[PDB]
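These notes are about the structure you will find just below.
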Amino acid sequence: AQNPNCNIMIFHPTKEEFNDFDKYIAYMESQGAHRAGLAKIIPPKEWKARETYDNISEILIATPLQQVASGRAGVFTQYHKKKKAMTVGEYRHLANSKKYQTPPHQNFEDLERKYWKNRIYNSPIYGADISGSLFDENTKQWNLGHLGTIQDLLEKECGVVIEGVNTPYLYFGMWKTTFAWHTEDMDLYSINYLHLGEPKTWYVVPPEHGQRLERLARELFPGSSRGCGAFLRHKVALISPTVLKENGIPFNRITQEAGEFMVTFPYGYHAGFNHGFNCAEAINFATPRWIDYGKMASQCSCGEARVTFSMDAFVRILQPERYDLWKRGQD
Ligand SMILES: O=C(O)CNC(=O)C(=O)O
Ligand SMILES: [Mg+2]
Ligand code: NI
Ligand SMILES: [Zn+2]
């Protein structure tokens with residue numbers, strides 16, 4: 011078995027190997043990459059996502075989210091308070107203000123310590139889930155706006171034709187902005203490109219150990235657990251590395267820098283934070299190996315997680331028994 015300790019793997023494809031996306035994903039899995047839940051891909055030196063970022067300030071962040079925490083430093087939830095619209099130029103200036111900027115630090119490890127110690131005492135503002143793309147249309151390789159669609163993968167594997175579309179999303183972050191512990195909708199893959207700015211640190215639990223994380227989360231968030239049988243789908247809960255180590259949960263960590271891709275694999279729980287002002291682009295995708303995960307994926311039916319038009323069809327075809335109750339949650 012390849013990668014039996016489930017370590018995060020890092021890949022350095024040549025420009026020749028960067029032509030065929032599906033084939034490279036399948037290569038990475040042949041080496042065991044999926045067992046970690048997360049992989050890093052460093053693009054060939056010849057490749058670029060676009061020529062410059064010099065004209066991005068006029069993108070609108072229509073609903074910036076202020077991430078307010080409750081709990082203790084290592085075990086907290088966050089809620090998203092909606093703020094007034096602002097441009098990317100306005101958001102970048104805010105991120106660089108004395109109130110919100112990255113503190114002085116020695117290295118990534120000192121900054122990680124400061125994040126876990128101090129996150130709960132601040133409320134950083136995140137521009138999340140903004141439909142759009144920063145890839146130039148002439149970028150032919152690993153362009154996240156030109157991938158094969160999940161609807162087309164389901165049709166190719168299963169023969170069924172379904173409604174829905176699959177498009178990327180932009181994320182504009184600042185120091186302390188946080189992504190809670192989650193897997194993807196319908197336990198899909200995701201791919202994330204860090205276009206610009208400061209790094210993003212990731213934590214991940216191997217898929218084969220995801221249920222260990224769920225059991226710990228039911229213990230740490232007991233009221234949430236009684237309210238919903240899949241409450242990590244709400245994307246609100248944070249658990250520190252120290253707490254995960256104290257409770258014996260297997261995990262790994264890695265820092266992504268500008269210019270690098272990350273891939274999350276089906277049922278790979280992940281969480282993390284941004285080090286300063288940055289812009290990432292991400293999209294879900296599928297392969298043949300995903301289909302069985304999609305059939306088994308948990309769902310939120312309490313009604314909090316409230317998800318896309320396209321997830322309807324996935325539930326309807328892969329989880330017909332759940333269909334009914336899940337659409338009661340989404341209506
Ligand atoms: O970058 C972020 O805030 C969160 N992204 C993801 O969870 C991902 O790409 O799967
Ligand atoms: Mg602009
Ligand atoms: Ni994710
Ligand atoms: Zn729920």
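Just so you know, we're using PDB author numbering here: the sequence shown kicks off at 11 and counts up by one.
Virtual Cβ for every residue (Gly too), placed ideally from N, Cα, C.
Taking 8 Å as the threshold (C-beta atoms), are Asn13 and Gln41 in contact?
Cβ distance < 8 Å, so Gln41 and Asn13 count as in contact.
Bridge partners - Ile249, DSSP secondary structure assignment
Looking at the DSSP assignment, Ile249 forms a beta bridge with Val85.
Segment contact, 8 Å Cβ cut-off, at least three pairs: the region 208-217 with the region 263-282
The answer is yes - the region 263-282 touches the region 208-217, with three or more Cβ pairs under 8 Å.
Inter-residue spacing [alpha-carbon to alpha-carbon] between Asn202 and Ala292
Going from the Cα of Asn202 to the Cα of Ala292 covers about 4 Å.
With burial defined as no fewer than 16 other Cβ atoms inside 10 Å of the residue's Cβ, what is the status of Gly220: buried or exposed?
Of the residues assessed, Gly220 falls on the buried side of the cut-off, its CB having 16 or more other CB atoms within 10 angstroms.
Just to confirm my understanding: we take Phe31, look at its own chain, exclude 5 residues before and 5 after, and list those with CB closer than 7 Å. What are they?
Counting only residues of its own chain and dropping the five nearest sequence neighbours on each side, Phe31 has a CB closer than 7 Å to the CB of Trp152, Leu157.
Check whether the Cβ of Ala315 sits closer than 7 Å to any heavy atom of ligand 4, and report yes or no.
It does: the Cβ of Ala315 is within 7 Å (strictly closer) of some heavy atom of ligand 4.
Terminal residues of the beta strand (DSSP E) in which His285 lies
Looking at the DSSP string, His285 is not in any beta strand (DSSP E), and its letter there is neither H nor E.
Which residues in the same chain as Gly142 place their Cβ atom closer than 6 Å to its Cβ, once the five residues preceding and following it in sequence are excluded?
The residues are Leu180.
Locate the beta strand (DSSP E) running through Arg263, then write down its first and last residues.
Per DSSP, the unbroken beta strand (DSSP E) holding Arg263 starts and ends at 262-266.
Would you identify the three-state DSSP class for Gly183, choosing helix, strand or coil?
In this structure, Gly183 counts as strand in the three-state DSSP scheme.
Just the Cα atoms here: how many angstroms apart are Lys150 and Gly282?
For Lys150 and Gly282, the distance between alpha carbons rounds to 29 Å.
So, under 8 Å CB-CB, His280 and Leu48 are touching, yes? Tell me the CB distance rounded to an integer number of Å.
About 6 Å separates the beta carbon of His280 from that of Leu48, a gap short enough to meet the 8 Å contact definition.
Distance between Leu226 and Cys238 (C-alpha atoms, nearest Å)
If I take the Cα positions, the gap works out to 15 Å.
Cβ atoms of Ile135 and residue 415: under 8 Å apart, would you say?
Past the boundaries of the shown model lies residue 415; the chain is included only from 11 to 341, so the question cannot be answered.
Quick check on DSSP: helix, strand or coil for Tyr213?
Under the three-state reduction of DSSP output, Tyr213 falls in the strand class.
Does the region 323-330 touch the region 180-193, meaning 3 or more C-beta pairs lie closer than 8 Å?
In short, these stretches do not touch, since the Cβ pair count stays below three.
Residues bridged to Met96 by DSSP?
In DSSP, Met96 forms a bridge with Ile71.
Identify whether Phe319 lies in helix, strand or coil by the three-state DSSP scheme.
Per DSSP, reduced to three states, the secondary structure at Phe319 is helical.
Shortest alpha-carbon distance to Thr24 belongs to which of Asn17, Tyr34, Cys16, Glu167?
Relative to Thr24, the option among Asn17, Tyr34, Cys16, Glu167 whose CA is nearest is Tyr34.
Any heavy atom of ligand 1 closer than 7 Å to the beta-carbon of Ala79?
Answer for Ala79: no, Cβ out of range of ligand 1.
Assign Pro298 to one of two classes, buried (16 or more other C-beta atoms within 10 Å of its C-beta) or exposed (fewer than that).
That one is exposed.
Proximity of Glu56 and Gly99 at Cβ, strictly below 8 Å:
No.
Buried or exposed: which applies to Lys337, given that a residue is buried once 16 or more other Cβ atoms fall within 10 Å of its Cβ?
Exposed: under 16 other Cβ atoms inside 10 Å.
In this structure, does DSSP put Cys168 in helix, strand or coil?
Helix, per DSSP.
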